[PDB]
Amino acid sequence: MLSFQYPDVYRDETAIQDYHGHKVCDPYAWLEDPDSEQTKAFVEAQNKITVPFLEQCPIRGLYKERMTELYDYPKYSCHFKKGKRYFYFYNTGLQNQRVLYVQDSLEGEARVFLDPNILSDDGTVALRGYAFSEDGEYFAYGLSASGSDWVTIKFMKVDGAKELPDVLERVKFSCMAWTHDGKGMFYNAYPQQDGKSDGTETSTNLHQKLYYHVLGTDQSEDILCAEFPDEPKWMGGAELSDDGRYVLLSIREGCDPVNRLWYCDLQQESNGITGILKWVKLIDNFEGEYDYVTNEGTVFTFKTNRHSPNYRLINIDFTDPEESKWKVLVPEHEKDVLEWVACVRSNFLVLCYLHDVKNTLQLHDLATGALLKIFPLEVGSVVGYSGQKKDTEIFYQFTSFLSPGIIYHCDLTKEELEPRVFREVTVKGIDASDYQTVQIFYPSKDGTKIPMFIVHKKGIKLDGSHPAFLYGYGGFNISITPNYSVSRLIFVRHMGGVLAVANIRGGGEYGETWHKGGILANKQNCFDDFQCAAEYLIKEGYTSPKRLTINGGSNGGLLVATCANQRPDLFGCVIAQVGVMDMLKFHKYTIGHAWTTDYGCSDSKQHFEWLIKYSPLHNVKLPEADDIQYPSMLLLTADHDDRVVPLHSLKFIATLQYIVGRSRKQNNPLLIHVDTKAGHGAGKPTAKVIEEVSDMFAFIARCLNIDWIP
Ligand SMILES: *[C@@H](N)[C@@H]1CCCN1C(=O)[C@@H]1C[C@H](n2cc(CNC(=O)OC(C)(C)C)nn2)CN1C(=O)CCCc1ccccc1
């Protein structure tokens, strides 16, 4: 099967670092330089073996054809009103980028407002963030190129879709918040740095500042409103209160759901926004999250996890701000996580809960917190919403494993509420009645019950004969909830597979306690949980190790890579997308310093001792047993992934190929593909998405020798 040779890759045997008395050799450290001829040549040599391997068998083209056909369905966002007009996103089916439309009424003719497709030949310029002025007459939007986190902000006048001269550079991880006087907008920027800032660099991002841009001026005139020069990792994002009176500053340091919350009463500024604002440091620590919902005068409603790991709503009165005085508007639930909250039609709240990994949606009274109405939903996720305080209606979008999506609408001016289907699309070719979704709870090593969704064809025999695709993430308070994936349903229908999603610890599925169960000293719980999900699928007869593929991205790429090292006997195939692989060095690059809240940092002996045990780069080892080799492995990354710098995958693949790939018993391939004009994934154009899933499933099909089922 392996009619190629791995490229020769220089080992710098002098690259040795002492970590608290533990010597670590890093012979591929040179791959950390993305601009070197050595690194470029490495990437070319790797792509030269991977691409023909993936393209060789007709199955890739069969998959690509079916993906192109089945993914070709109309895709809408929720409608949202801004000022006098309605907006929505829409993709006719296979456009590289969805397009923003505008209409003067719900019943009126729609026209194109912003079409990112016309900004590049290949769909590699994408919208990344936007904000309308409070009156809806002006529009700011971020553009990213080739999938980088870097943003350029541009501006338009809404009436006539007129491009304006204003351009803001050096924007990354930024807020966008207009003052209600319409004069200008808050945003974030980084100071100038040596080298490139295009997404190919690895330079750490520090000293983010908060600026205010006056519309009709040059960026060089922008006002500095907040900075933290003694705290280079702090990031202060601004929003205006719903009445326009207060700027709320949420300061973050790291990825934990916590923030400082300062405010500026804009009426108290001596002469408008002229410099550093008169911040009042309401919550001046990182002990809890305070997410603004709405205010009525000085009474501010926040969603919080302060002493409430499943989240709750509190009211803080700025005129009586001591914690003993806060009112608990909607108390914490014993098990269900309050995921997000919105205020609509002045005095309603819309609360979205997660109940055993499925969403529910409720309308409550702002004054008392009392439940008023349950919006009925099938089992799945709410993935879109609109309805702000001054608006009188809501839209929300529902999705599930088997359903592409339904957008509902509810007119909240009516005495009796009747939510109605507003938009629905059906994908022909995937008959949902042929399949089922089950949720089970399996015990992990330590006895904790972990949820898992399993999607499969109705009536299958549990005889271990089916290929399986088991997905996980496990970190950062991210909940892995049901979603419609044509790419995975093709695996089910056309490759006879079983899909599984394990809700392992580190995620947000059971609130902050679930997240803390998968971080820092307890990160190994993630891996144990995931290995146990695989063991369940095998024991219960869904699959067998040789037919099992595991997949994850980013922190989920770390997940599957670590699992490959720890239990190579459990998996036939491993696809790690944009994975964090070097756990000793991740904090040195771009925004990686922010991840130490989930991982720790190797500068601490205590943390090093956790990290060294599971770091994928540092745990590649030939299996002791003669009959065990590594699973087939494919790493996918891209040359502008400035979220997870691609050196992680480059150094990992070099290590896998040298330590394991050179062994006579290893016959499963260990490959990397590095894409061009792409990044971590957000904003990836449709064409590239289709190529990527075609690569993934062709790899699975060839390695496992799975026949296509037309
Ligand atoms: C990928 N997981 C990378 C590497 C490890 C952490 N990480 C982040 O991007 C990190 C965690 C938060 N995050 C996770 C994701 C992943 N989403 C996802 O893949 O889920 C599916 C939809 C596929 C199921 N996206 N964001 C935030 N993130 C950051 O690094 C944010 C940087 C900016 C920032 C913002 C606020 C505070 C600090 C830093």
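Each value in this text was obtained by applying a stated rule to the coordinates, not by laboratory testing. Cβ sites come from the backbone with ideal geometry, for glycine too, and all protein chains shown count toward neighbours.
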Charge dipole of the chain built from unit charges on the beta carbon (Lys, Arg +1; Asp, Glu -1), centred at mean Cα; most positive-end Cα among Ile504, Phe348, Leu329 is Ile504
Plugging the Cβ-Cβ distance of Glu227 and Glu296 into 1/(1 + (r/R0)^6) at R0 = 30 Å yields, to the nearest 0.05, a FRET efficiency of 0.40
Checked against the positive end of the charge dipole of region 41-169 (+1 on Cβ of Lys and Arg, -1 on Cβ of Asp and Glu, about the Cα centre), the farthest of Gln103, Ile49, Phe132 is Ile49
PRE zone check, label point 7 Å out along Cα-to-Cβ of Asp12, amide N under 17 Å, scope region 636-678, hits 646-655
Here the relative contact order (percent) of the chain, from C-alpha pairs under 8 Å and at least 6 apart, is 12 percent
Exposure-ranked with fewest Cβ neighbours within 10 Å first, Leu372, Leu266, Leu282 stand as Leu372, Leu282, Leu266
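So for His180, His456, fewest C-beta neighbours within 10 Å to most, what's the order?
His180, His456
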Applying the gyration tensor rule to the Cα atoms of the chain (axes a ≥ b ≥ c; rounded if a/c under 1.5, else prolate if a/b exceeds b/c, else oblate), the class is prolate
Measuring from its Cα centre, region 312-422 shows a charge dipole (+1 at each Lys and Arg Cβ, -1 at each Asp and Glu Cβ) which, in debye to the nearest 20, is 200 debye
Packing-ranked peptide list from 569-579, 603-613, highest mean Cβ count within 10 angstrom first, is 569-579, 603-613
From the Cα centre of region 76-123 to that of region 513-532, the distance in Å is 41 Å
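Give the calculated FRET efficiency between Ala161 and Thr68 to the nearest 0.05, with a Förster radius of 30 Å applied to their Cβ-Cβ distance.
According to the calculation, E is roughly 0.45.
Averaged across orientations, what area in nm² does the convex hull of the alpha carbons in region 207-338 project? Don't jump to the answer; show the numbers that get you there.
Details: hull surface 36.7 nm².
For region 207-338, averaging the hull's shadow over all directions gives 9.2 nm².
Using a Förster radius of 35 Å, what is the FRET efficiency between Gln524 and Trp279 based on their Cβ-Cβ separation? Nearest 0.05, please.
Details: r = 41 Å, r/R0 = 1.18.
Given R0 = 35 Å and the Cβ-Cβ separation, E is 0.30.
With a cut-off of 8 Å between alpha carbons and a minimum separation of six or more residues, what is the relative contact order of region 74-426 in percent? Working shown, then result.
Working: 828 pairs, mean separation 26.9, N = 353.
Over region 74-426, the number comes to 8 percent.
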For region 300-367, shape from the Cα gyration tensor axes a ≥ b ≥ c, cut at a/c of 1.5 then a/b versus b/c, turns out oblate
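In nm, what is the difference between 0.36 nm times the number of residues separating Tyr19 and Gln606 and their Cα-Cα distance?
Working: separation 587, 0.36 × 587 = 211.32 nm, distance 1.10 nm.
Separation in residues times 0.36 nm, less the Cα-Cα distance, equals 210.2 nm.
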Env charge @ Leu164, Cβ radius under 10 Å, K,R +1 / D,E -1, value +1
Taking Cα atoms, the helix 647-656 axis meets the longest principal axis of the chain at an angle in degrees (rounded to 10) of 20 degrees
Going through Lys84/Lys390; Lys428/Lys457; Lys325/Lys373; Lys162/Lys684; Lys358/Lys389; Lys196/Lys677 one by one, the pairs whose alpha carbons sit over 20 Å apart turn out to be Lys325/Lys373; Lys162/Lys684; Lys358/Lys389
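Assuming 0.36 nm per residue, please report the length gained on full extension of the stretch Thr368 to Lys458 beyond their Cα-Cα distance. Numbers along the way, then the final one.
Numbers: separation 90, 0.36 × 90 = 32.40 nm, distance 4.62 nm.
Between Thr368 and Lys458, full extension yields 27.8 nm more.
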Taking the alpha-carbon centre of each part, the distance from region 463-490 to region 37-53 in Å is 30 Å
Neighbour-count ranking for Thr14, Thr399, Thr637, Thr676 (other C-beta within 10 angstrom, fewest to most) reads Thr14, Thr676, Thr399, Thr637
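Work out the length of the dipole vector of the chain about its Cα centre, built from +1 on the beta-carbon of each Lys and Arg and -1 on the beta-carbon of each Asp and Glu, and round it to the nearest 20 debye.
Details: 72 positive and 94 negative charges, 362 e Å.
It comes to approximately 1740 debye.
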